[PDB]
Each structure stands twice: as C-alpha cells, then as structure tokens.
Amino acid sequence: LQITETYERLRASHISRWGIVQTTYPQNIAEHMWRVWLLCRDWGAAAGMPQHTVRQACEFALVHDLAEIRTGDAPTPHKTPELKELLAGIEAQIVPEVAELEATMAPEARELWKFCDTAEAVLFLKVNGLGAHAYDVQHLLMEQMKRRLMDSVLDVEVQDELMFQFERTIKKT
C-alpha cells in the first residue's frame, strides 16, 4: 500500500483529474501540483505573508495529492465527512510523509494552499471545461473558494489581495 519508490511517484503524471467532468484533455496531478505551487509562491508573496508560511504552503502543494497514485482522484462533492475520515486514514498509510506535513501545516499556510488549490481548478476549467455541467462546476468552485476564504483566519487585507490577484489572473486566462 505505501508508496516508497520513485517509479511510483513519477506516475503522478498518470493520474487523471476531473473524472466526472468533460474537459478538452485529461489533466494530471503533476501539472496540477506544479500550478498550485506556483500560485502559492506568487500569491503568498503578493499578499505579504511571512516567508515561512509561504514556504510551508509551497512544500505541501508539491506533494499534497501523491496518495492519488493509489486512490485515484475523486470528485469534491463525493467527499463527505465520513468518506474523508476513511480516506485520511488510508492516505496516511500510503504517504506517511505527506500526512506528517499536513499535520504540521499552520492554519495560514493551509488557507493559502486551499485557496490556490481551488483557484487552480477554476482557472483550468475556464480554459478546458466543456459543456453546461463543467461551467456550473467552475462557478460552484469559485463560490466555494470565496466562502472558505472569507470565513478563514487570514486577515481581511490578505483575503482582499488574494481575491484581487485571482480576479486579475482569471480575466487573462
């Protein structure tokens, strides 16, 4: 069950996202994690967040989906509290090092990472989603991202900078 080998971790590029949504091509988790990392780096800096917080978000961004090399990627609406609890235990056996990073993340780093994780998905569908369901999913995710941010521990000035940058970025995507 545990992932221990580089040949397995390289299969990040074999793991397809958007398994219930029509898209122009199958996005893999390697390109997704790179893009989330980029957003954490750039937007954490734009928002003036402490370097240690941005570093922690970026480190997690690069590995956060490695368990999917075994579990697959599953749709957000399907991940109810009971399923998430079961998956957290399974994921901790698959990638104990990722579980340890997750358990060490500061709340501000977690909220930066989560904002960027969802933003990347909205940005991806803006270009590559196909049809009415994909459009609805893109807009639902955007609403969920905003609600989570607004309710988070991040200072309002940080929230506003993140939304400023998100909106500038999606307009040009």
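One rule holds for the numbers: they count along the sequence shown, beginning at 1.
Between 45 to 53 and 61 to 69, which has the larger average Cα B-factor in the PDB entry? That would be 45 to 53.
Look over 84 to 92 and 71 to 79 in the entry and identify the one with the greater average Cα temperature factor. Comparing 84 to 92 with 71 to 79, the higher average CA B-factor belongs to 84 to 92.
Out of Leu162, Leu154, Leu10, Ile20, which one has a C-alpha B factor higher than all the others in the entry? Of the options given, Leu154 has the highest CA B-factor in the PDB entry.
Between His133, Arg147, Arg110, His32, let me know which has the highest C-alpha B-factor in the entry? Reading the PDB entry, the winner on C-alpha B-factor is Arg147.
Determine, from the deposited record, the chain-internal third of the Cα B-factor for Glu143: lowest, middle or highest. CA B-factor rank for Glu143: highest third.
Third of chain Cα B-factors occupied by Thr173: As the PDB entry reports it, the C-alpha B-factor of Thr173 lands in the lowest third of its chain.
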